[PDB]
Amino acid sequence: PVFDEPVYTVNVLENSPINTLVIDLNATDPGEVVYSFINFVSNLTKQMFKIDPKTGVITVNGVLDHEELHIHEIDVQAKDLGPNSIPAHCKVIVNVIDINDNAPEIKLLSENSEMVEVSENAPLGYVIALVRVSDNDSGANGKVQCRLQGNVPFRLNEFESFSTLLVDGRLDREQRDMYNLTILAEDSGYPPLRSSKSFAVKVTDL
Ligand SMILES: [Ca+2]
Ligand SMILES: [Ca+2]
Ligand SMILES: [Ca+2]
Ligand SMILES: [Ca+2]
């Protein structure tokens, strides 16, 4: 036998259903030849794909997760039931294509994820905390954007790779003691997924 091509590359959606076709291989024609995997660069690759020993059809066999692994290399052979008979080999590269299956995570940089205080004497601009928003997806699906909600005497400041929670108002512990702030976040995949974190700011005099 001889595979039509030496190397094949196929795209497959992440989260593809079990039994999704990946590729139908061919190393003969008009059969007694036996298609099999002989190697699996990652050992994870072994649960993700099955192949029909008779037709050489590879199908999805477990849950394909882009965030777990992007790209699979499989080595396939074809061998006739034969007393003496050499195998044909090919490589099958499976690109697992990322979809937006991950909402944005919103992280506060403080020593606690709500316990977060300030002094009313802090001026216009005092960075009280740092927020980091992440998304495990790639590309647009993973580009995130966020925004403080309600209106309140703070504001977020937009940097590449992080945001800073400032004061934007005269504070005094007497007029307003606690606050409840909400951060809303949205990624740029389709459909856009979105996430939000509500967290407390307690004010002090010192
Ligand atoms: Ca075939
Ligand atoms: Ca995933
Ligand atoms: Ca994804
Ligand atoms: Ca996402």
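Heads up: the sequence shown runs through residues 6 to 211, numbered per our numbering. Ideal placement from N, C-alpha and C gives every residue a C-beta, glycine not left out.
- Close beta carbons around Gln-154, own chain, < 6 Å, minus the five adjacent residues each side: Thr-187, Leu-189
- Item | 8 Å CB neighbourhood of residue 273 in its chain, flanking five on each side removed | Past the boundaries of the shown model lies residue 273; the chain is included only from 6 to 211, so the question cannot be answered.
- Task: Tell me whether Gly-194 is buried or exposed, calling it buried when 16 or more other Cβ atoms sit within 10 Å of its Cβ.
- Result: buried
- Item | Reference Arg-199, options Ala-205, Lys-148, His-77, closest by Cα | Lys-148
- Task: Compute the beta-carbon to beta-carbon distance between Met-53 and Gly-67, rounded to the nearest angstrom, for a pair I have assumed lies under 8 Å.
- Result: 5 Å
- Measuring CB to CB, does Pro-58 end up less than 7 Å from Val-39? yes
- For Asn-16, which three-state DSSP category applies? strand
- Message: For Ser-90 and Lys-84, I'd like the C-alpha separation in whole angstroms.
- Response: 7 Å
- Task: For the beta strand (DSSP E) holding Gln-180, just list the boundary residues, first then last.
- Result: Per DSSP, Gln-180 belongs to no beta strand (DSSP E) and is neither H nor E.
- Message: Check this for me: beta carbons of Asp-103 and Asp-70, under 7 Å apart or not?
- Response: no
- What are the boundary residues of the alpha helix (DSSP H) that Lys-59 is part of? Careful: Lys-59 lies outside any alpha helix (DSSP H) and carries neither H nor E.
- From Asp-106, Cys-95, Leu-161, residue whose alpha carbon lies closest to that of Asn-20: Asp-106
- Task: Taking the CB atoms as reference points, tell me whether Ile-111 and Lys-202 lie closer together than 7 Å.
- Result: yes
- Message: List, from N- to C-terminal side, the beta strand (DSSP E) runs of 3 residues or more that fit wholly inside the stretch 101–157.
- Response: 110–114, 122–124, 134–139, 149–154
- Message: Please enumerate, following chain order, all residues with a beta carbon closer than 6 Å to at least one heavy atom belonging to ligand 2.
- Response: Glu-19, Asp-70, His-71, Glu-72, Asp-106
- Message: Determine, for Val-97, whether the minimum Cβ-Cβ distance to residues of chain D falls below 7 Å.
- Response: Checking the listed chains, one finds no chain D in this structure; it contains a single protein chain.
- Query: Quick one: is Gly-174 buried, meaning 16 or more other Cβ sit within 10 Å of its Cβ, or exposed?
  - Reply: exposed
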